[PDB]
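Please read the structure below before turning to the comments.
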Protein chains: 4
Amino acid sequence: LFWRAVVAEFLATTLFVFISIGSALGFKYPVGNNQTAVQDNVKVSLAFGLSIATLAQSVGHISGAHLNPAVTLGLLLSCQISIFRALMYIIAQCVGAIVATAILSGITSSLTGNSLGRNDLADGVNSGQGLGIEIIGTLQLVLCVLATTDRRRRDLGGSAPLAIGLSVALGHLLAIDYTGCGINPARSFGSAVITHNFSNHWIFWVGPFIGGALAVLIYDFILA
Amino acid sequence: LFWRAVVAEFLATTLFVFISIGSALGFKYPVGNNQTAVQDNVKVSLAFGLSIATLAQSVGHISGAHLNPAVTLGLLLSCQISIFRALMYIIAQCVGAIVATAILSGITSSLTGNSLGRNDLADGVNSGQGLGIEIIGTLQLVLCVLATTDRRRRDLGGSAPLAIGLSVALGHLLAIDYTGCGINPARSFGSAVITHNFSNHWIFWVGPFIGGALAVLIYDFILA
Amino acid sequence: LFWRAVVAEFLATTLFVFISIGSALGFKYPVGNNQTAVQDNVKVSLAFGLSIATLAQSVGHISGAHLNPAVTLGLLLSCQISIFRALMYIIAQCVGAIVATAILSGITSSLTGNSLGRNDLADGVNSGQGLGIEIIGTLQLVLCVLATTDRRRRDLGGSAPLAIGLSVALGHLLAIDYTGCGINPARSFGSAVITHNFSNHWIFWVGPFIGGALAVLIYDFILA
Amino acid sequence: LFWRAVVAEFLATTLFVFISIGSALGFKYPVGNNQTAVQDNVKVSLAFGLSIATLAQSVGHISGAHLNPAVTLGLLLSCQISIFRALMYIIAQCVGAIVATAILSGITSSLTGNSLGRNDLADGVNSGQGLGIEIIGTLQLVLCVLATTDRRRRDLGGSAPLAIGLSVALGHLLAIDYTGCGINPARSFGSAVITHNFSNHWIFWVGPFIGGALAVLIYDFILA
């Protein structure tokens, strides 16, 4: 266990990153002409949410299933009041995120035309002021898992860890609208690592910090 | 509590309005040319249904999850026979609806081309006679939550408040067909408040009143 | 009760027929030019499956939720061996189906261009030999509800009557491919009643009879 | 029973193959011109996942619902350590797969234009090196059912065999991207049997063997 959840965690994210990119890039590949699809990226949404549940994150992990950066942090902070010690799973997550973005490459990059661009760069058209969207989309999932963990004795009766996989699935469909491609950090860090140009602004990282911070203050406005 | 459910309620709708508009307007934004999508508004459907469930409307609220105007009223009326006192949650809802439409603006409006048109105006092509559709789509959700609250001991066994989020999700896909954009009141009031032209006819508000009234009379045709 | 389930049943189908047609016709309505969509009819699928569940078919009805013609019959036959008396719900269903197709008209027909064509006529391109598809799609739902009613003590644990609403939702997406528009009888009878041309061949009705007959013989190949 | 699960198994796959092909080919059929759709094959995903659940694979079968080749094997191997005897269900599956691809033909082939091409041949553009994708998509389902069977006492509470039907539904949407059409063996064997050209490379069969082998080694990295 002194390393197990971490490896298992690194394992998940890894495939998730390959899953997402597979779907995102997949478009226009043969020696044909442009087509451009919008229902593809919405597919990325679901897929990513499924790979998460497919983890069997029961014993193999801890009460929280797969957790992307911003989320990872968001939960451990609101879950830790009396004290402030639980960064391990965070470090674990980021690490696993890095490797995930390492394996992503593969044949995809070899067979692509000069200009692939694995991910966004300036998302749509808006100066460093159009970062409000991603902020709201971040408290969604953050709040989805928060709510899911809190309310219990009087909610439903049991279903399956798809709940989050579908909610994050939609936040994605809302964020990837035309600007803000790359909700959480991970997905974008590994994008700017290989075949990049650097000018990520990590604007998307400064978002969730305020967002996840906002969804934590809002959830405290309930009980204790 | 002498204000809590109201704030919590105002809170929900708020984000929901930003969620919906985000998805609806999101289309054609860059300095590119027309494209026009129809699978986008269907996305609005789901998204809106998710933000509702994401509320954890257990203790934080009362047995009914988020409730849009027409619905809000529809339930409290059929739930209240012996007497007629339970308008508070209604006032609460409308209020929260107003603020929701206030925050909607944001960067969206600043970066849009002169003619945005946040929402419908005369929905498709039909005089003040083409309001039957929205009426039927309104008793759907109204009846979804009504049925969900009534039948219990012999129904299923427990799932999650997505049920309504998917049913309303489809009513939307049926209403937003080409005419009647803006099922419930809320979404349209806040639309005609900022950057408008006034000629909403609130036709959509005169609908649900008859619709929700119809689904209440039809549900009485069962037990008591 | 000497009429209740029947009225309640007539009630359901009614709205379902209006729901479906609303979605099917909805396309290309304004004074614009052609566009033709294929993701719309797939919407019809889900919608129809939802209106079914929205029935609260517990006490108000009997163990089988809404049931379209071919299905209606299919269940009562396999459910009745020792004897052969349970046609009442069948007559009920067809009747309710007729009224459903009566109200369908409305504004839709008034504002449409000469050539609406509420439904199929010769579905795609194939003589009276291309009826195998609809046959297979019919045993799907028929078998969905059959299986759902049989296996119990060792299956899941309880969910919601969406199961059928999604399975029929897909059979539809498979049938309405390009030929065989109008899975069960109902939907097509009411189509050829108003603004028709008569040449339905009811081929779709001769299908399910063999189909539902086939799925009944196949389910007997299990226990007893 | 000395033949029952096998017939029942042959039965399932059969319809599944007809289901899938129905959806895949369905596009561009009338005497009209090209259109080419991408949201159709994603429909194949779900449909296939539904026909599986529709099996009522409780007593009629064994703990594993329908199981396609690669999967069939993948489970029986990880389920059998102490010994190595449980190939019967495997032989059964492949057999049923063969007949499934026999009935697939039908009217479809008679009314199609010379060049139908029931399935892929060289999937997209990539030498015998672009087989990594299908490998990853294979451990998905393989791992979905593996995880679903393992973790129990602390997971959810009961739902329905759609879980796999939706996960495989997405793996499909990820694989059928543009290359690797035909996830598991079955679907492709029966494709190269009727109206073929032979040059399948079964590359897709050499994949899952490594994939399913990989997902078995990864799941052992947990408990025992």
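Largest GNM mean-square fluctuation across B:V59, B:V42, B:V206, computed for chain B with C-alpha springs under 10 Å, falls on B:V59.
Counting only other chain Cβ atoms within 10 Å of each residue's Cβ, the peptide C:165-176 averages 5. Sorting B:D40, B:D177 from the fewest to the most surrounding beta carbons within 10 angstrom yields B:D40, B:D177. Annotation: the residues C:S110, D:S109, sorted from fewest to most other C-beta atoms within 10 Å of their own C-beta, follow the order C:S110, D:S109.
In this label model, D:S105 and C:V95 are separated by 4.9 nm, measuring between points 7 Å along each Cα→Cβ vector. Think of it as helices only: each DSSP H run of n ≥ 4 in chain D is worth -39500 (n - 2.57), and spread over all residues that comes to -18000 deg cm²/dmol at 222 nm.
Per-residue shielding of A:105-116, expressed as the average number of other chain Cβ atoms within 10 Å of the residue Cβ, stands at 2. Listing B:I183, C:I107 from fewest to most neighbouring C-beta atoms within 10 Å gives C:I107, B:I183. Screening chain D for DSSP H helices whose Cα atoms reach 20 Å or more along their own axis and whose mean Kyte hydropathy is at least -0.5 gives D:4-25, D:88-103, D:132-150, D:203-219. When the Cα positions of A:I90, A:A160, A:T195 are compared along the charge dipole of chain A, A:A160 comes out farthest toward the positive end, with charges on each C-beta of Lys, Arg, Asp and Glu. Take the Cα of A:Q129, go 7 Å toward its beta carbon, and the backbone nitrogen atoms of segment A:186-208 under 20 Å from that spot belong to A:201-208. Scanning chain C for trypsin sites (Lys or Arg not before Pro) lying in DSSP loops with no more than 11 further Cβ atoms inside 10 Å, the longest uninterrupted stretch between such sites is C:1-84.
With R₀ fixed at 51 Å, the C-beta to C-beta distance from D:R4 to B:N114 puts the FRET efficiency at about 0.15. For chain B, a crude dipole built from +1 on the beta carbon of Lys and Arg and -1 on the beta carbon of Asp and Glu, taken about the Cα centre, is about 420 debye to the nearest 20. Geometric descriptor of chain C, per residue, is 134 Å³ (volume of the convex hull of the Cα atoms).
Count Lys and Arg as plus one, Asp and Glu as minus one, and take only other residues whose Cβ is under 10 Å from that of A:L174; the net charge is then -1. Summary: within chain C, the longest segment free of chymotrypsin sites (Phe, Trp or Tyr not before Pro) located in DSSP loops with at most 15 other C-beta atoms within 10 Å is C:85-197.
Springs between Cα atoms under 10 Å define the GNM used for chain B, and in it the highest mean-square fluctuation of B:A65, B:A100, B:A160 occurs at B:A160.
Here segment B:37-95 and segment D:118-167 have alpha carbon centers that stand 38 Å from each other.
The numbers here are math on the coordinates, done by the rules we state, and not lab data. Cβ: placed from backbone, ideal geometry, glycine included. Neighbour counts: every protein chain shown.
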